[PDB]
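The primary structure of each chain is shown beneath.
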Amino acid sequence: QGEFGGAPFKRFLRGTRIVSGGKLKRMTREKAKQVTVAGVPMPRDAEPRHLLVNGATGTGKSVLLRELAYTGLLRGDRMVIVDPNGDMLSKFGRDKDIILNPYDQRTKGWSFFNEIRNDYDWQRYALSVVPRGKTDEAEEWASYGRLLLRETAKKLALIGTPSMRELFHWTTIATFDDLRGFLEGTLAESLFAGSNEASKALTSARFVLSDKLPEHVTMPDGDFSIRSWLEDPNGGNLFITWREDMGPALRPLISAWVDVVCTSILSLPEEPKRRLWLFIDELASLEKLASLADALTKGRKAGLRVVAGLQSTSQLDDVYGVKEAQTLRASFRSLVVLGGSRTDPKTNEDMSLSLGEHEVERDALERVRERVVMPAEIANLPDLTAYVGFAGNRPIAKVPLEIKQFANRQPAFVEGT
Amino acid sequence: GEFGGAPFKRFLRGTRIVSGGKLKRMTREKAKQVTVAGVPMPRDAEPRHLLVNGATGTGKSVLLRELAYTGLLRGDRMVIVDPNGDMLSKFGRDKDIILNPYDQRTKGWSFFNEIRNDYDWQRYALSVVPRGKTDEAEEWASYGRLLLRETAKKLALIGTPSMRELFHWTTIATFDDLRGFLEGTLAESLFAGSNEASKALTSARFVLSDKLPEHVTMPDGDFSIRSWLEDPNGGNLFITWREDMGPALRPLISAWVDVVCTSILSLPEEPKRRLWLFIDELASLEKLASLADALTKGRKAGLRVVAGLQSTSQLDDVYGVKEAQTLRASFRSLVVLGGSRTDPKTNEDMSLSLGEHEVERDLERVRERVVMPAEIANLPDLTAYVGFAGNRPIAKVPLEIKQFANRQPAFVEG
Amino acid sequence: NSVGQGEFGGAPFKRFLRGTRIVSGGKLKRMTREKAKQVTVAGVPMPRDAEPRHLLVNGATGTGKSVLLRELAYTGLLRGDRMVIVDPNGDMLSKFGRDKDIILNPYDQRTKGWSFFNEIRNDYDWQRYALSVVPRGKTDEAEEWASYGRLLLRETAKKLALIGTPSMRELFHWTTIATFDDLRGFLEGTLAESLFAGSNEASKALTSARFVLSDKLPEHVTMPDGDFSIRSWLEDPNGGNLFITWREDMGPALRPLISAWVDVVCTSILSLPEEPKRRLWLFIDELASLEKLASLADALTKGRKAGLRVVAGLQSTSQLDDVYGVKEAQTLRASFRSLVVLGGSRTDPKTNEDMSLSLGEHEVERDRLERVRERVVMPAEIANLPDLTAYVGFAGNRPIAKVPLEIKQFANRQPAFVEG
Amino acid sequence: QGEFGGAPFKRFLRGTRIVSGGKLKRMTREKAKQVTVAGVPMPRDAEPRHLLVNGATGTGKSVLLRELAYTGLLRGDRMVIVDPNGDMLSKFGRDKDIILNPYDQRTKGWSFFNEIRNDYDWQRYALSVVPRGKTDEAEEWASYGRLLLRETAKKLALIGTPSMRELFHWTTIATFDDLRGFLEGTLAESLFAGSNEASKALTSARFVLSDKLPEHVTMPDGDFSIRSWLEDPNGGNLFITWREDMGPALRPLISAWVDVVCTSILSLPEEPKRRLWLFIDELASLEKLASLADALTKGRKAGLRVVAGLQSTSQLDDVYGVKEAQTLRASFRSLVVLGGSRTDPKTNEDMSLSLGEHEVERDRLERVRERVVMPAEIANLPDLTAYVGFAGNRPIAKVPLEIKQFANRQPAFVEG
Ligand SMILES: Nc1nc2c(ncn2[C@@H]2O[C@H](COP(=O)(O)OP(=O)(O)NP(=O)(O)O)[C@@H](O)[C@H]2O)c(=O)[nH]1
Ligand SMILES: Nc1nc2c(ncn2[C@@H]2O[C@H](COP(=O)(O)OP(=O)(O)NP(=O)(O)O)[C@@H](O)[C@H]2O)c(=O)[nH]1
Ligand SMILES: Nc1nc2c(ncn2[C@@H]2O[C@H](COP(=O)(O)OP(=O)(O)NP(=O)(O)O)[C@@H](O)[C@H]2O)c(=O)[nH]1
Ligand SMILES: Nc1nc2c(ncn2[C@@H]2O[C@H](COP(=O)(O)OP(=O)(O)NP(=O)(O)O)[C@@H](O)[C@H]2O)c(=O)[nH]1
Ligand SMILES: Nc1nc2c(ncn2[C@@H]2O[C@H](COP(=O)(O)OP(=O)(O)NP(=O)(O)O)[C@@H](O)[C@H]2O)c(=O)[nH]1
């Protein structure tokens, strides 16, 4: 019926309802200041319910996340942006804003040590340094990796040498015996000794840490604490940047930071006025994050608002596993479909099914149940065109994305010389 | 008017939907009852359990709070897995118990306090060391329980039922010392004689090093959940914790919930007993070893379990698909609060659960879902479909946010 | 029932509602025709914006993938585009190879001298290219070994470089010939010094790494030496085109080497300097024939800026599935916005179904009114397509069309192979 | 309709078209000499796109392959025939023809050593001797088996003793240490030493070679080369025969020969006039061939034409794996369905689906999409009746197979 691609109908019975772009825009418009999603103002209550932007590469995920960041800043919200090539940084970065990039002159000095405040914070952040294993077996090695990491990094802290270079030496360079000796006195003293199984466990933990820690070590150090930054209202915005050719090298470090924010907001003091955004341009690009799940379910009070991008259902599935991936996607109440490749009929089907069906009375009438949006309609979407379906009881609408231009108020990258 | 689909001439068979009010009159009984989203719960549906499935922020709290409240007004006892002490601060009385290693008001506890017979050693070893996520992980877990039960059994024998002693032995003492200490116990030989035997020991250590931590640092006392259950005048138990420590306390919290699950099976036959078990988020605990039997053999002890879920993939990931199905299946009453449109599989599951009906229209026999997956995806907050156990129709009802005054501080730093 | 004749193979319809729309060949050709110079796909001018969105050409053997890729290469050359061609039996080389063009074939007299050492420029480039030399393992277990093999490879080759002997022969000797102890000793001082020692597990891991490197390195070693760098070649505008050739009977022997070169390009374009004028094509005649490339996915997602345009061929969905795994293969195919279906065997109903579904359905209104949802192209229509006939469905909002492939003839301006 | 078993229709819209036996025979008939498939002349361009004949046992797979072979010989094509019990050899074998059977008086002397011409040929044919493992794990062992085989066999050749008996001794009889010693100087010197894993690997390689090599050793010695035979125009035809009760024992050797042909044709010199047939009576009966895939895809210019038989989709699936078996079946552009058991509904469905559906317009007007051939129609096919669907755009046809009689121009077997 105009805003509905299929045959017009006489009466809408139940299910997903689709409305015109403008019609939606008036429906979601509210008294208070709001952020916009592809020109449509986002319902204030849908913000802490999170947003998922699914779409093939080049369809407008950037234009959209850029606009969402912009309107959020104009309202004065704070935010963390996993920002590739410092694009968002060059457009919205102010002078009081933070930068995390081991190769950027302007980056702050950091070590996970800087986040430890209580004893339970050791495993908490070991979980962030060493993300979840892709497979059950890889997770088993990871757990030994965390054991070795936490007990070793704990002792180094005790003995006044919370050195990352030291922790790395111990965990991956020192001989098996030396390490064993250093571990004496720690909960790990006996756990990694006594059988071939125990030695194997230690070897596995070594390999893990040798894989995860490199970047953390070469990370410029300082006293910066993501925890303290979150608690500081006058703290700026955090931009996690990196050059694309190094994406794979920094995957474990960047996932570390993203996870740190995820656990940390759970510890921030009860503050109703806080509004923190978490921008993860490509969710399936980070490692299987340990705390993301809880952050997406218990971050309302902290005022957490997560926006994530995805392309094919198989990407997240491969990283988190099918079961765990479904749960992850399910935690984003608000969805945006940007149209994908016709070569990916499975995700187009998944997106079509998510947008949902409606039961209509068409034209002796007739009741018909049909997809509001056909997989084919998603496959044939032109660029900068999106279907916006906000959390809760709202109708969805096909809306165009407009490319607004933003001036570069800072260099995206600054060589670490 | 209440069936979202096209009106029909005649209902033939299947799931029947009725108006909120119509149902409230149908389910209302003479005796005192508790309410579910404003609907009086059939007295016989209480021990058949209730499952509340819904996306985050849909009203799972408002509903569980309501149930708890109406259950208290009726004088029913209850154990509440209460995050951030929300429930505690609203309904906690002075005679009520608090379990939180980090709250000044907590009772002192150790699983030792629940041992009364010999068979209680494995029974609660299963509570301390929950079921493994995988078949391999469970193999380790069982080694961990052997190590646990035999070491903790000797420590009790020699008059030193110390959790710090148990922890030292099982994860700190060297292999040989431990081996020595185990001599004379059923585990004397089992963990010796081959590389395999030493491997099983190594696996049991790791498990116990993962599970025991919080049990050790837990404040000491002679509090017994078993005894608490047998005491009529005992208050209500509030298991609380600060969210940023949820992961850390996951094994401990699961321990307590499980303990309740096995223990109620040993309570003396008491027809007058009405005990509620509130697990805000079922998939958030570990794979509980005794929950299954509790949901099947707790009628006689008066057990009433209420649990919340979000995505079917959550429970599935923790219990495994086969086991998770059996678990969800044990809850006779269901409440659907509406989920994300990004989770079509669960919405489909809930739609299917609500069921289909065969209807006759303007004739035409039609089979259709009473509630479409889409209708559940588009439900507004504080709106739920209530489908009680047995032969009852379902109804879409609105949840009302009743306000409760804080009659106690949610947390009290120790 | 007007619409649906000479375009849609099904019953003609009264009104098109939604979904995939099919148009005639000619009608598509004017629709996609643009002002700027364009390349052609089966005679159909390709949308300039569809180029960096990549193209996937699926079809049974002998249906015309060659005629198509050859045509694409040709028109791309006429426009002055640069390109890297995975060229079996030097066919493309013999038709389009010029004198300034590069050749990579360890057994061709004209090949350039290469070693992955030639691509190392920063420290992060060691693991980066260890990923290229040692592709992803087919199974989770095989990948575990692969990682050990990359650890051994990167630390050993790193030291050899430090000590001024960046030798492939030396690297090969150390990693697969020297005894466990000697290697262990050479490794002292490097990150792997302790990692490969201390338990049976550690020694097992070293043994696994040795096996992998003994499997991948062979051809790298026998590869004629030189200072040629694929990275530097990419940065050089006047650099010609790169033809990676090989004789078919050696395909399996060079599979690991060739996969390394293709991956080298896939990571390297990510480091090229921002140049809006760059147009680089990557022709991989048969994607499932190379190994599970480590950098492909990111290149198909982050190469627009570098001007990367990938063109790949496939036959049965099970081929790429077996190499990359089902999930990872889905993601990969999904990264190609444009599709060309050439028709498969009737003995492969699963793939014909996959292609039919990818081509999509349409919802139409026909007479007797009835709304009908149906596949624009049936699996049977694809199974029954004659040779040199294809369905072209460009990226974005464009209709698809059935077009005939014309066999243009190209004179041999160079011998396909030279030497032994 | 007299061709289509379902309800006649007013108009054909799209999909698979079915035509009468005769109608198809006129359609496919060509000017050039052709071979026939169940009486139907096979399109010349469909020959190098291969032919797959699916059918239950006793439906006529033999009558058909026999017919194909005969008409192929009448045209003068050369061929390799995996020939059970020497049936094909006894009807078409001439005197210049080759026979490979370790237990037949008339066999040629062979060793894989006879196929080595360049260095890359060692692994190439170690792949032929040691076929692909049924499981990922079994293949891991097989890869160690090939490492052990190629390095050992290579040295033995280097030192002037290319003995199959020497190779077998070294790889499965010599003690671990001696072997290790012998391997010194070869690429495998260190690879199989240094840890328990290294020793485990060696042990795996021994087991594998001990399973595969047996028949290779006991195989009569000679200087015959399948490679050279292929390059020789005047070379006859190759009949790979064996008595059925020994099928399991010879499975690894016969699979080796088939694979050698599969890789070797990739090295033959460019010859547009060559027409070489590869008859594999039952594809799932050989091992997971390492080079079949590439042969079914890159053998056009060598003139390879492959004809294979199958019964149930589960057979090939179990040997090659579901993914790899689909890829394999998909590489045969032409298909023949002979009718299967009603106890194998899945394969009948796979064949029905492969045959395809059509969208038709019938008078009640109704557009209907339906299987041209129902699973049930294939389950109920009488013997010697088949559906012939050539590669490309041709209709399919239900045709009868005629049992032509061929005189025995040679004994099937000759005890040695
Ligand atoms: N002509 C033009 N189009 C632009 C420009 N910037 C953005 N666009 C439009 O926006 C689209 C890309 O959207 P975007 O959200 O950046 O895509 P992405 O997948 O996030 N990133 P990328 O484009 O790098 O792959 C293009 O298809 C184009 O239509 C520009 O400078 N010129
Ligand atoms: N089925 C149907 N027929 C109707 C309706 N209203 C009027 N009719 C009358 O019935 C005729 C069609 O009946 P119908 O049962 O659909 O015919 P059919 O196509 O043979 N049956 P089917 O669709 O089950 O295959 C129309 O020509 C019309 O005159 C209605 O709502 N449903
Ligand atoms: N105005 C108001 N609404 C409330 C209050 N508590 C809950 N609600 C309503 O109920 C919804 C959340 O329900 P609730 O049961 O707390 O959700 P939950 O998932 O169990 N926990 P949470 O709300 O912390 O995310 C909110 O979206 C809001 O509409 C309150 O104190 N005031
Ligand atoms: N006359 C002729 N036809 C050709 C030529 N190249 C390809 N063809 C035609 O196109 C078909 C094969 O197409 P092609 O794209 O080469 O197929 P491919 O699968 O990529 N490779 P191949 O042809 O080697 O099997 C042949 O059957 C033939 O009809 C040529 O040089 N001359
Ligand atoms: N009268 C007759 N019928 C034959 C002869 N050879 C085959 N047939 C017919 O064809 C059927 C077997 O066909 P065939 O192609 O040999 O089957 P196969 O499965 O390849 N081998 P087999 O028959 O050994 O099981 C027999 O059941 C019979 O009806 C023959 O010499 N005489």
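- What the entry reports as its method is X-ray crystallography, with 2.8 Å given for the resolution.

1. Comments concerning the overall build of chain D
At step 1: Secondary structure summary: chain D contains 17 helices and 15 strands in total.
At step 2: For 416 residues, the compact-globule estimate of 2.2 N^0.38 gives 22 Å, and the C-alpha radius of gyration of chain D, at 24 Å, lies within 12% of that figure.
At step 3: Along the first, second and third principal axes, the C-alpha set of chain D runs to 85 × 50 × 40 Å.
At step 4: Each of the 416 residues in chain D was classed as buried or not, and the buried ones make up 59%.
At step 5: Approximately 16,500 Å² of chain D is accessible, and the part contributed by carbon and sulfur atoms is 49%.
At step 6: Charged side chains of chain D number 59 positive and 56 negative; the gap between the two group centres comes to 8 Å.

2. Some remarks on the domain arrangement of chain D
Residue and element names in this part refer to chain D.
At step 1: Parsing chain D into structural domains produces domain 1 (1-109 + 223-415) and domain 2 (110-222).
At step 2: Opposite the 31 residues of domain 1 that make contact, domain 2 presents 23 residues.
At step 3: Roughly 2,300 Å² of surface becomes buried between domain 1 and domain 2 when both sides are summed, with 52% attributable to carbon and sulfur atoms.
At step 4: Counting the contacts that link domain 1 with domain 2 gives four salt bridges.
At step 5: The salt bridge involving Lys212 is made with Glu287; its shortest N-O contact spans 2.6 Å.

3. Focus: the site of ligand 4
At step 1: Close contacts around ligand 4 come from C:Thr61, C:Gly62, C:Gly64, C:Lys65, C:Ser66, C:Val67, C:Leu388, C:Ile407, C:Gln409, D:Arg49 and D:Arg300, and that covers them all.
At step 2: Of the chains in the model, those with residues near ligand 4 are chains C and D.
At step 3: Here an oxygen atom of ligand 4 and a backbone polar atom of C:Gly64 are 3.4 Å apart.
At step 4: C:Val67 is positioned with one of its backbone polar atoms (N or O) 3.2 Å from an oxygen atom of ligand 4.
At step 5: Classifying every residue of the shell around ligand 4 by side-chain character gives three nonpolar, five polar and three charged.

4. Some points on a positive patch on the surface
At step 1: Among the surface-exposed residues, A:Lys200, B:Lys199, C:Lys204 and D:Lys200 lie close enough to one another that they form a single positively charged patch.
At step 2: Residue placement: A:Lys200 occurs in helix α9 (residues 196-212).

5. Considerations on the pairing of strand β11 (residues 357-362) of chain A
Residues and elements named next belong to chain A.
At step 1: Most of β11 is tucked away, with five of its six residues classed as buried.
At step 2: In terms of strand pairing, strand β1 (residues 9-15) meets β11 through five bridges, oriented antiparallel. Bridge pairing in β11 links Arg14 to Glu359.
At step 3: Bridge count for β11 against strand β12 (residues 367-371) is five bridges, and the pairing is antiparallel. Along β12, the bridge assignment pairs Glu361 with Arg367.

6. Some points on the domain arrangement of chain B
Residue and element names in this part refer to chain B.
At step 1: Along its sequence, chain B is carved into domain 1 (1-108 + 222-413) and domain 2 (109-221).
At step 2: Centre-to-centre, using C-alpha coordinates, domain 1 lies 34 Å away from domain 2.
At step 3: Taken together, the contact between domain 1 and domain 2 spans 30 residues of the former and 24 residues of the latter.
At step 4: Overall, the association of domain 1 and domain 2 removes approximately 2,300 Å² of surface from exposure, summing both partners, and the carbon and sulfur fraction of that is 52%.
At step 5: Where domain 1 meets domain 2, there are four salt bridges.
At step 6: The closest approach of N and O atoms between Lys211 and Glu286, which form a salt bridge, is 2.7 Å.
At step 7: The tally of links from domain 1 across to domain 2 stands at 16 residue pairs in polar contact.

7. Notes on the interface of chain D and chain C
Frequently, the measure chosen for interface size is the accessible area removed from exposure when the parts meet.
At step 1: Every contact between the two is made by 54 residues of chain D and, on the other side, 62 residues of chain C.
At step 2: The contact between chain D and chain C buries some 4,500 Å² in all, and 52% of this surface belongs to carbon and sulfur atoms.
At step 3: Run the count over chain D and chain C and you get three salt bridges.
At step 4: Across the pair C:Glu381 and D:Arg14 runs a salt bridge whose closest N-O atoms are separated by 3.0 Å.
At step 5: Broken down by element, the side of chain D that touches chain C gets its largest block of residues, six residues, from helix α15 (residues 322-330) of chain D.

Rules used in this analysis
- Residues numbered from 1 in each chain as written, not as in the entry; some residues may be left out.
- Chains lettered and ligands numbered in written order.
- Part of a larger assembly, values for the part shown.
- Heavy atoms only, no water.
- Helix = DSSP H or I, 4+ residues; strand = E, 2+ residues; numbered from the N terminus.
- Rg over C-alpha atoms; globule rule 2.2 N^0.38 Å.
- Buried < 20%, exposed > 50% of the residue type's maximum accessible area, 1.4 Å probe, protein only.
- Areas by Shrake-Rupley, 256 points an atom, 1.4 Å probe, with all protein chains shown as cover.
- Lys, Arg positive; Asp, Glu negative; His and termini not counted.
- Charge placed at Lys NZ, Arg CZ, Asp CG, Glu CD.
- Domains from an automatic or database assignment.
- Contact = heavy atoms within 4.5 Å.
- Buried area = accessible area lost by both parts, 1.4 Å probe.
- Salt bridge = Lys/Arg side-chain N within 4 Å of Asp/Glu carboxyl O.
- Near = heavy atom within 4 Å.
- Polar contact = N/O pair within 3.5 Å; in protein donor to acceptor, adjacent residues only side chain to side chain.
- Nonpolar A, V, L, I, M, F, W, Y, C, P; charged D, E, K, R; others polar.
- Patch = residues over 30% accessible without salt bridge, like charges linked within 9 Å, V, L, I, M, F, W, Y side chains within 5 Å.
- Pairing = 2+ DSSP bridges.

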